[PDB]
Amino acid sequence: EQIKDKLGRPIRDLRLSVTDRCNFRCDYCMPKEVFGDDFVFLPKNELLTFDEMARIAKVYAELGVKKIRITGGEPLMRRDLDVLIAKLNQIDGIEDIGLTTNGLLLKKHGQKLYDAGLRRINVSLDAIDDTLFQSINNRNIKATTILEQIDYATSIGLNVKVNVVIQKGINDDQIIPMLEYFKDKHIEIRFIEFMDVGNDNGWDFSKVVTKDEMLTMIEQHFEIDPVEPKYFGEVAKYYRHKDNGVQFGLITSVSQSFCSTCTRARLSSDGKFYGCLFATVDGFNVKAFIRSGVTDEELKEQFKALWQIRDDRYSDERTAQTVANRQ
C-alpha cells in the first residue's frame, strides 16, 4: 500500500500526459524549428485510451497515489477530455485531480470539464504584455485572450492558479504587472525559476532570476509577509500581500532543488513510465505491457517494481555538478 523508491520517497502523484499536440509552439518546449510543418505526432491509436488511463490510475491509487495532474501537450486539445475526468472522479483514493493548460480553450471546454468533476486548474502564462506573449507562444495568441479565459473559468466555479516561468532578459519585467493584475483578481500566481543546463553540465544561471533576486524586485513594489509551509515537503515558498491577503509563490527549481521530497510518477503521451520530468531515454512501455493482456495484479506489481527502482534526482545532480564546476 505504501511503496518507497531507492531514495526513500513514497509515490503520491501521477502525471498523465493526454496528448503530444499543442496549440502553441513556445521556444523552450516545442520550438517551431523541431515541431514545424514536417513533424509527425502520435497516431491516435498510439495514445493510451481513457479506459487504460483510468485502470492505471486505479492501480496506482492502491499503491498510495492520491493526486493526478492532467497535462499534454495542451490537454484541452484531446477530444472528450471530460470523459477522462469522469472516470478518474470514480476512483477510490484519488482525492485531487488537477489540470494544466495554457487556457486558450477554456471557454470551449471548461463547463464539460467542470460537469465531470474538474475543480482546479493551473494556467501557464509567461507574460501579460500582448506583444511579448506572442513572441513567446509563436502562434499569434494574445495574453488578453488568456486573461479572458481565466475569468471565464473562475466565473463557472473552477479554482485557478497561474504559473509563470521567468527567463532573465525575456520576461523579467512581467513579474510586477502580473503580481498586480492577479492581486486584484484574488488569484494565486507562482513564479518559477528557469531550468537550463549549460555545457558543463551544471546549472546555467546566465538567465535565471533566482527566488532571491525575484524577491528583491517584489519587495520594492509590494509589502509582504512570508507564509509558513502548510505541510512538510511543500515546494513553493509562499508570501502574502498585507491588504487583502492574497498569496503568491516562488519556485526555487534551480537555486534550491527538491528531489528529496519528490513523489511524482509520470506516464508520457505515448504510454511510457518516467520517474522524473527529465529523461533522455525511453521508459518502460506501460502501453505495450497492458495491451498484451494483463491482470490488475500484474500491472500493480509492475508499477510497484518500477517505483522501487526509481532513483531519479536530475536537479540535485545538476546542483552537485554546478558545485563541482568550481574546480
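In case it trips you up, residue 1 is the first one in the sequence shown, and so on.
On average, which has the higher Cα B-factor in the deposited entry, 266-274 or 36-44?
Going by the record's values, the stretch with the higher mean is 36-44.
With respect to the recorded C-alpha B factors, which stretch has the higher mean value, 313-321 or 21-29?
That would be 21-29.
Considering only 230, 119, 109, 78, which residue's Cα atom bears the greatest B-factor as recorded?
In this record, 230 carries the highest C-alpha B-factor of the candidates.
From 115, 74, 151, 204, which pick has the Cα B-factor that tops the rest in the entry?
Out of 115, 74, 151, 204, the record gives the largest C-alpha B-factor to 204.
Relative to the other modelled residues in the chain, which third contains the C-alpha temperature factor of residue 302: lowest, middle or highest?
For residue 302, whose C-alpha B-factor we compare with every modelled residue in the chain, the answer is the middle third.
Looking at the entry's B-factor column for C-alpha atoms only, identify whether residue 142 ranks in the lowest, middle or highest third of its chain.
Its C-alpha B-factor, which the entry lists for residue 142, ranks in the middle third among residues of this chain.
Going by the CA temperature factor in the PDB record, which third of the chain does residue 87 belong to: lowest, middle or highest?
Lowest third.
Among all modelled residues of this chain, ranked by Cα B factor, put residue 4 in the bottom, middle or top third, i.e. lowest, middle or highest.
Middle third.
Quick check for you: using the entry's CA B-factors within this chain, is residue 97 in the lowest, middle or highest third?
As the PDB entry reports it, the C-alpha B-factor of residue 97 lands in the middle third of its chain.
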